Structures are given as C-alpha cells and as structure tokens.
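Visitor: File follows, input_7.pdb with PDB, C-alpha atoms:
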ATOM      1  CA  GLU T   2      94.502  86.317 119.583
ATOM      2  CA  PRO T   3      97.475  88.747 119.624
ATOM      3  CA  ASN T   4      98.396  90.669 122.793
ATOM      4  CA  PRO T   5      99.224  94.441 122.621
ATOM      5  CA  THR T   6     102.972  93.755 122.889
ATOM      6  CA  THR T   7     102.689  91.462 119.861
ATOM      7  CA  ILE T   8     100.550  93.966 117.945
ATOM      8  CA  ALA T   9     103.001  96.750 118.840
ATOM      9  CA  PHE T  10     105.849  94.614 117.442
ATOM     10  CA  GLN T  11     103.937  93.755 114.263
ATOM     11  CA  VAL T  12     103.064  97.389 113.617
ATOM     12  CA  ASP T  13     106.621  98.571 114.369
ATOM     13  CA  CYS T  14     108.046  96.012 111.921
ATOM     14  CA  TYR T  15     105.686  96.991 109.124
ATOM     15  CA  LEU T  16     106.246 100.715 109.614
ATOM     16  CA  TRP T  17     110.003 100.149 109.649
ATOM     17  CA  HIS T  18     109.531  98.312 106.330
ATOM     18  CA  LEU T  19     107.767 101.358 104.819
ATOM     19  CA  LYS T  20     110.509 103.687 106.039
ATOM     20  CA  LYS T  21     113.212 101.355 104.670
ATOM     21  CA  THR T  22     111.344 101.299 101.353
ATOM     22  CA  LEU T  23     111.460 105.082 101.219
ATOM     23  CA  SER T  24     115.156 105.024 102.067
ATOM     24  CA  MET T  25     115.881 102.601  99.184
ATOM     25  CA  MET T  26     114.122 105.032  96.875
ATOM     26  CA  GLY T  27     116.457 107.833  97.960
ATOM     27  CA  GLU T  28     113.451 109.882  99.149
ATOM     28  CA  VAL T  29     114.556 110.694 102.729
ATOM     29  CA  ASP T  30     117.422 112.545 104.509
ATOM     30  CA  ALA T  31     120.392 111.345 106.545
ATOM     31  CA  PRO T  32     118.875 111.821 110.026
ATOM     32  CA  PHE T  33     115.864 109.740 108.918
ATOM     33  CA  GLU T  34     118.261 106.991 107.842
ATOM     34  CA  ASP T  35     120.210 107.214 111.123
ATOM     35  CA  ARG T  36     116.948 106.750 112.999
ATOM     36  CA  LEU T  37     116.160 103.831 110.718
ATOM     37  CA  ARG T  38     119.500 102.091 111.506
ATOM     38  CA  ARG T  39     119.144 102.457 115.284
ATOM     39  CA  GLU T  40     115.501 101.272 115.057
ATOM     40  CA  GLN T  41     116.646  98.258 113.011
ATOM     41  CA  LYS T  42     118.840  97.118 115.867
ATOM     42  CA  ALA T  43     116.069  97.695 118.443
ATOM     43  CA  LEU T  44     113.591  95.720 116.329
ATOM     44  CA  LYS T  45     115.984  92.822 115.857
ATOM     45  CA  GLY T  46     116.518  92.769 119.626
ATOM     46  CA  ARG T  47     112.785  92.746 120.253
ATOM     47  CA  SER T  48     112.438  89.966 117.709
ATOM     48  CA  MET T  49     114.787  87.878 119.836
ATOM     49  CA  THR T  50     113.137  88.807 123.134
ATOM     50  CA  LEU T  51     109.623  88.118 121.912
ATOM     51  CA  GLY T  52     110.637  85.124 119.826
ATOM     52  CA  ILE T  53     108.772  86.462 116.786
ATOM     53  CA  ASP T  54     110.216  86.380 113.287
ATOM     54  CA  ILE T  55     110.456  89.810 111.600
ATOM     55  CA  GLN T  56     109.097  88.586 108.241
ATOM     56  CA  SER T  57     105.973  87.185 109.819
ATOM     57  CA  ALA T  58     105.504  90.201 112.073
ATOM     58  CA  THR T  59     105.934  92.602 109.151
ATOM     59  CA  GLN T  60     103.223  90.815 107.167
ATOM     60  CA  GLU T  61     100.862  90.866 110.154
ATOM     61  CA  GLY T  62     101.598  94.560 110.682
ATOM     62  CA  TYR T  63     100.662  95.142 107.071
ATOM     63  CA  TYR T  64      97.260  93.607 107.786
ATOM     64  CA  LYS T  65      96.736  95.638 110.971
ATOM     65  CA  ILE T  66      97.529  98.953 109.257
ATOM     66  CA  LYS T  67      95.409  97.924 106.267
ATOM     67  CA  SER T  68      92.500  97.269 108.613
ATOM     68  CA  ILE T  69      92.746 100.710 110.194
ATOM     69  CA  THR T  70      93.207 102.496 106.843
ATOM     70  CA  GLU T  71      90.427 100.976 104.694
ATOM     71  CA  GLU T  72      88.181 101.533 107.711
TER      72      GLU T  72
ATOM     73  CA  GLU J   2     109.384 119.343  94.719
ATOM     74  CA  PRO J   3     109.934 118.727  98.449
ATOM     75  CA  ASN J   4     113.465 117.879  99.511
ATOM     76  CA  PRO J   5     114.241 114.681 101.452
ATOM     77  CA  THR J   6     114.002 116.466 104.822
ATOM     78  CA  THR J   7     110.457 117.641 104.055
ATOM     79  CA  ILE J   8     109.477 114.180 102.860
ATOM     80  CA  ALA J   9     111.038 112.591 105.939
ATOM     81  CA  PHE J  10     108.923 114.931 108.092
ATOM     82  CA  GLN J  11     105.684 114.269 106.155
ATOM     83  CA  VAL J  12     106.175 110.538 106.423
ATOM     84  CA  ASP J  13     107.090 110.673 110.108
ATOM     85  CA  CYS J  14     103.934 112.708 110.789
ATOM     86  CA  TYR J  15     101.698 110.275 108.928
ATOM     87  CA  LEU J  16     103.199 107.182 110.561
ATOM     88  CA  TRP J  17     102.851 108.848 113.976
ATOM     89  CA  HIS J  18      99.176 109.445 113.146
ATOM     90  CA  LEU J  19      98.768 105.703 112.499
ATOM     91  CA  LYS J  20     100.496 104.781 115.753
ATOM     92  CA  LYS J  21      98.381 107.274 117.736
ATOM     93  CA  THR J  22      95.290 105.821 116.052
ATOM     94  CA  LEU J  23      96.272 102.374 117.301
ATOM     95  CA  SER J  24      96.923 103.689 120.802
ATOM     96  CA  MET J  25      93.516 105.377 120.884
ATOM     97  CA  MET J  26      91.932 102.022 119.970
ATOM     98  CA  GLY J  27      93.662 100.436 122.966
ATOM     99  CA  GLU J  28      95.581  97.978 120.768
ATOM    100  CA  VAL J  29      99.222  98.559 121.822
ATOM    101  CA  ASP J  30     101.326  98.179 124.972
ATOM    102  CA  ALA J  31     102.691 100.834 127.314
ATOM    103  CA  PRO J  32     106.254 100.977 125.958
ATOM    104  CA  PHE J  33     104.814 101.624 122.453
ATOM    105  CA  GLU J  34     102.791 104.474 124.002
ATOM    106  CA  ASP J  35     105.837 105.894 125.813
ATOM    107  CA  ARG J  36     107.645 105.905 122.468
ATOM    108  CA  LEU J  37     104.593 107.535 120.908
ATOM    109  CA  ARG J  38     104.546 110.405 123.441
ATOM    110  CA  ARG J  39     108.296 111.026 123.096
ATOM    111  CA  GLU J  40     107.814 111.059 119.295
ATOM    112  CA  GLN J  41     104.874 113.493 119.590
ATOM    113  CA  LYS J  42     107.097 115.987 121.340
ATOM    114  CA  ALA J  43     109.955 115.476 118.801
ATOM    115  CA  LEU J  44     107.555 116.020 115.896
ATOM    116  CA  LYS J  45     106.135 119.233 117.367
ATOM    117  CA  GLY J  46     109.740 120.348 117.641
ATOM    118  CA  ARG J  47     110.543 119.467 114.023
ATOM    119  CA  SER J  48     107.317 121.250 112.996
ATOM    120  CA  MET J  49     108.620 124.473 114.555
ATOM    121  CA  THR J  50     112.145 124.022 113.208
ATOM    122  CA  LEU J  51     111.066 123.311 109.623
ATOM    123  CA  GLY J  52     108.200 125.796 109.639
ATOM    124  CA  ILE J  53     105.852 123.092 108.429
ATOM    125  CA  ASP J  54     102.341 122.654 109.791
ATOM    126  CA  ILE J  55     101.670 119.176 111.199
ATOM    127  CA  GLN J  56      98.194 118.628 109.720
ATOM    128  CA  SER J  57      99.307 119.410 106.174
ATOM    129  CA  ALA J  58     102.470 117.317 106.550
ATOM    130  CA  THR J  59     100.386 114.422 107.821
ATOM    131  CA  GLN J  60      98.200 114.739 104.698
ATOM    132  CA  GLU J  61     101.232 114.710 102.399
ATOM    133  CA  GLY J  62     102.685 111.763 104.277
ATOM    134  CA  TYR J  63      99.467 109.913 103.698
ATOM    135  CA  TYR J  64      99.862 110.461  99.971
ATOM    136  CA  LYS J  65     103.536 109.377  99.890
ATOM    137  CA  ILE J  66     102.818 106.166 101.795
ATOM    138  CA  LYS J  67      99.725 105.485  99.663
ATOM    139  CA  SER J  68     101.882 105.844  96.570
ATOM    140  CA  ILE J  69     104.423 103.292  97.773
ATOM    141  CA  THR J  70     101.801 100.799  99.025
ATOM    142  CA  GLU J  71      99.588 100.691  95.943
ATOM    143  CA  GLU J  72     102.845 100.419  94.028
TER     144      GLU J  72
END
Step by step, read the file and then write its structure as structure tokens.
Guide:
Amino acid sequence: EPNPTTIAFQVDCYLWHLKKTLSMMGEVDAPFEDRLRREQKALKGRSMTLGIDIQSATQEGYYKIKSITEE
Amino acid sequence: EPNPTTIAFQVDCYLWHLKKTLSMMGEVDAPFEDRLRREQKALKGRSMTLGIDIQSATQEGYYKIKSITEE
C-alpha cells in the first residue's frame, strides 16, 4: 500500500497535469505558467529522488482525486 | 467572461481545496502539508488583491476542472 510521500507525489503529478492542461488551452495567466514551470522542475526532481515514474504517478493521482471527488 | 487571472485563481483555490481535503484525511506527508499551509496564506493574499471571495472562486474552479476532466 502507498505511503503518504508516495500519495503526495501522485497527487502533485496529477494536479500538475490538470494545470498544464489548462495552460495548453490558453486559459491561465503568465504567473500561473511561471509557477507551473518551476513546479515541473521540482516534480521531475522528486521523481528521481523517489524513483517513481511521472506517467505512472499521474495516473495513480487521477485515481486518488477521483476517489475523493465521487465520494 | 473571466480573464485568465481570474481563472487561474479559481483553479488554484479548487486544487488547494482538494489538497487540504487529502491532508484532513491524513493521507499526505509533512512537506506536502508545509506546502499546503504556505499556499493557504498565498491564496488568502490573492483573494484580497483580486477582490474575489475564496468560497465562490473554489466553486468556479470546481466547474472549470470538471469541464476539463469529463472532456
């Protein structure tokens, strides 16, 4: 079962994915996108430190958020 | 229609609500919670600066995210 560091990573990856999605739609401002770029580097770093692939973590994060939002 | 700054705020508020929800459930680690507290203060600040109420913005953010995730 996933530890809270792992769950925190999964959730962070998924939420970054949503924010990136909004950016690609042109829906958000420049400071939002700045934050998104810095966060991208931090998340890549954490991926390396934790040894967890971002794709996998993003999918898992999707499920975690799903579980708290259909509940 | 809301400009990209307003949308960025709405979305940030909603996503913070999700992260706080996870923290309240005891599911995330302490650095995630540190980030969460820092973010809570930043978002109160942006609420004052933009003159936008946090509850309403959180509601709007919910709708924006919903729209891109059932898409």
Visitor: Around (106.3, 99.7, 106.4) in the file's frame, which residues reach within 10 Å when counting only C-alpha atoms? Return as a tab-separated table (two decimals) with C-alpha atoms, in the coordinates of the input?
Guide:
chain	number	residue	atom	x	y	z
T	12	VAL	CA	103.06	97.39	113.62
T	13	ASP	CA	106.62	98.57	114.37
T	14	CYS	CA	108.05	96.01	111.92
T	15	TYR	CA	105.69	96.99	109.12
T	16	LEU	CA	106.25	100.72	109.61
T	17	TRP	CA	110.00	100.15	109.65
T	18	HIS	CA	109.53	98.31	106.33
T	19	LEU	CA	107.77	101.36	104.82
T	20	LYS	CA	110.51	103.69	106.04
T	21	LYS	CA	113.21	101.36	104.67
T	22	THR	CA	111.34	101.30	101.35
T	23	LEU	CA	111.46	105.08	101.22
T	59	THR	CA	105.93	92.60	109.15
T	60	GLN	CA	103.22	90.82	107.17
T	62	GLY	CA	101.60	94.56	110.68
T	63	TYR	CA	100.66	95.14	107.07
T	66	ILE	CA	97.53	98.95	109.26
J	16	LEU	CA	103.20	107.18	110.56
J	66	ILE	CA	102.82	106.17	101.80
J	69	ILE	CA	104.42	103.29	97.77
J	70	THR	CA	101.80	100.80	99.02
Visitor: Within 8 Å of segment 40-50 of chain T, counting all atoms listed in the file, which residues show up once you throw out same-chain ones fewer than 2 positions away? Write them as an mmCIF file with C-alpha atoms, keeping the file's coordinate frame, please.
Guide:
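Result went into result10.cif, see below:
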data_model
loop_
_atom_site.group_PDB
_atom_site.id
_atom_site.type_symbol
_atom_site.label_atom_id
_atom_site.label_comp_id
_atom_site.auth_asym_id
_atom_site.auth_seq_id
_atom_site.Cartn_x
_atom_site.Cartn_y
_atom_site.Cartn_z
ATOM 1 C CA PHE T 10 105.849 94.614 117.442
ATOM 2 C CA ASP T 13 106.621 98.571 114.369
ATOM 3 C CA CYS T 14 108.046 96.012 111.921
ATOM 4 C CA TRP T 17 110.003 100.149 109.649
ATOM 5 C CA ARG T 36 116.948 106.750 112.999
ATOM 6 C CA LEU T 37 116.160 103.831 110.718
ATOM 7 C CA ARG T 38 119.500 102.091 111.506
ATOM 8 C CA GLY T 52 110.637 85.124 119.826
ATOM 9 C CA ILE T 53 108.772 86.462 116.786
ATOM 10 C CA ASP T 54 110.216 86.380 113.287
ATOM 11 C CA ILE T 55 110.456 89.810 111.600
#
Visitor: Can you check which residues of chain T have any atom within 7 Å of chain J? Use all atoms listed in the file and format it as JSON, numbers by chain.
Guide: {"T": [5, 6, 8, 9, 28, 29, 30, 33]}
Visitor: How many Å separate atom CA of residue 61 of chain J from atom CA of residue 11 of chain J?
Guide: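 Distance between the two atoms: 5.8 Å.
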Visitor: Just the number, please: distance in Å from atom CA of residue 25 of chain T to atom CA of residue 39 of chain J, one decimal.
Guide: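 That distance, rounded to one decimal, is 26.5 Å.
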Visitor: Any idea what the distance is between atom CA of residue 71 of chain J and atom CA of residue 35 of chain T?
Guide: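 If I compute the distance from atom CA of residue 71 of chain J to atom CA of residue 35 of chain T, I get 26.4 Å.
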